[PDB]
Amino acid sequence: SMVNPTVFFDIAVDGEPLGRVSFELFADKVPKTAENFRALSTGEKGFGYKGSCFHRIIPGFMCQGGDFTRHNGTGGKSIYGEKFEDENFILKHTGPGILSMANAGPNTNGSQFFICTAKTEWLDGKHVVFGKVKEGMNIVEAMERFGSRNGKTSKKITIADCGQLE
């Protein structure tokens, strides 16, 4: 916080403002993965999260988003190329608010990520944890209510704006 950057998402539900979620990104322990998420949040590389959708929300588990390339849950890309390796597994999925990379197996990090709404310890050692919700966990809980058992959302949940808080 003296060290770790803070980024925000302004969340929309069918275009309407829901609220702001901010995240502490653990650059102190997961610098490459934190830096990817930071840069995708500011859009400074010319692409990123702004406008993208939380496509998969399963109550009791997580809110997953970040596919800004295919817009269908299969895509995304990093600031380093299409994919980048698992940086470390120092941090674990210890409870609600944990911010962690989605993947399709080893070393397939791109831009998709998930926000835990519960402890998901079975993902430890397979998904790189790199941040946590700072403010706006109530907004994440509001988002979670739009999900369903199969991940489909009852309204479209988007990142209407995003950026870095100094």
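Throughout, we count residues from 1 along the sequence that is shown. Between two forms, the rigid core is the largest collection of C-alphas that superpose within 1.5 Å.
- The rigid core fit leaves 142-150 as the farther-lying stretch in 9 other deposited structures of this protein, judged by Cα positions and set against 142-150 and 5-13.
- Note on 43-51 vs 107-115: mean CA B-factor is higher in 43-51.
- Residue-level inspection of the entry shows that, of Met137, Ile57, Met101, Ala34, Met137 has the top Cα B-factor.
- When the modelled residues of the chain are ordered by C-alpha B-factor, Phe89 sits in the lowest third.
- When the CA B factors of the chain's modelled residues are split into thirds, the value for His127 lands in the lowest one.
- Among all modelled residues in this chain, the alpha-carbon of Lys152 has a temperature factor (C-alpha) in the middle third.
- When all modelled residues of the chain are sorted by CA temperature factor, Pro96 is found within the highest third.
- When the modelled residues of the chain are ordered by C-alpha B-factor, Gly81 sits in the highest third.
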